[PDB]
Amino acid sequence: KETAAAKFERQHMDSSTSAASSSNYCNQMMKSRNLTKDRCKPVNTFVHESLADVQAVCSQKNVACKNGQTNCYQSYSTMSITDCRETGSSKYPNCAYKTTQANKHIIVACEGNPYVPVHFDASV
């Protein structure tokens, strides 16, 4: 089945764009990445950086995850991110999301060999 590392890339990477380009980004992306298949994932962050710059955070600042886990890392630098949050108009199967574009530091949980990101914890 899909690895946790490949699931991270499918849910959270969008190297192909520098920022979300319209208020429709999120509905388009959330859909095409298969995130609205069984239900509407409520919150999801997209990261508009290179995969290597995102994999490198697993060697930057070590911070506790929100849940208390010790395998989280905060990026030394701000990154271009898009947060997608479900709207009051959202009704499965028609998920509807609000697109917010920002530059913030990200916090991911890493695991494995090579040690790469497996979960997006937060943006700061």
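Virtual Cβ from ideal backbone geometry, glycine too; neighbours counted across all protein chains shown. Nothing in this text is a laboratory measurement; each read-out follows from the coordinates by a stated rule.
Observations on the model:
- Between the residues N67, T99, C110, the greatest Cα displacement towards the positive end of the dipole of the chain, with unit charges on the Cβ of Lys, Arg, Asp and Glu, is found for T99.
- Computed magnitude of the charge dipole of the chain (debye, nearest 20; Cβ of K, R +1, Cβ of D, E -1): 440
- Gyration tensor (alpha-carbon) shape descriptor, segment 1-60, a/c threshold 1.5: oblate
- The chain: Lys pairs at Cα distance under 15 angstrom, eight or more positions apart or on different chains: 10
- Rounded to the nearest 500, the 222 nm mean residue ellipticity of the chain from helices alone is -4500 deg cm²/dmol, with -39,500 (n - 2.57) taken per DSSP H run of at least 4 residues.
- Only one residue of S123, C40, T82 has its Cα farthest out toward the positive end of the dipole of the chain, where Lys and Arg carry +1 and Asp and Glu -1 on Cβ, and that residue is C40.
- Taking all Cα pairs closer than 8 Å and separated by 6 or more residues, the relative contact order of the chain comes to 27 percent.
- Legend: P(r) of the chain from all alpha carbon pair distances, 10 Å bins from 0, whole percents, reading 13, 45, 34, 8, 0.
- Local net charge near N62, Cβ-Cβ under 14 Å (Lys/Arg +1, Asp/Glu -1): -1
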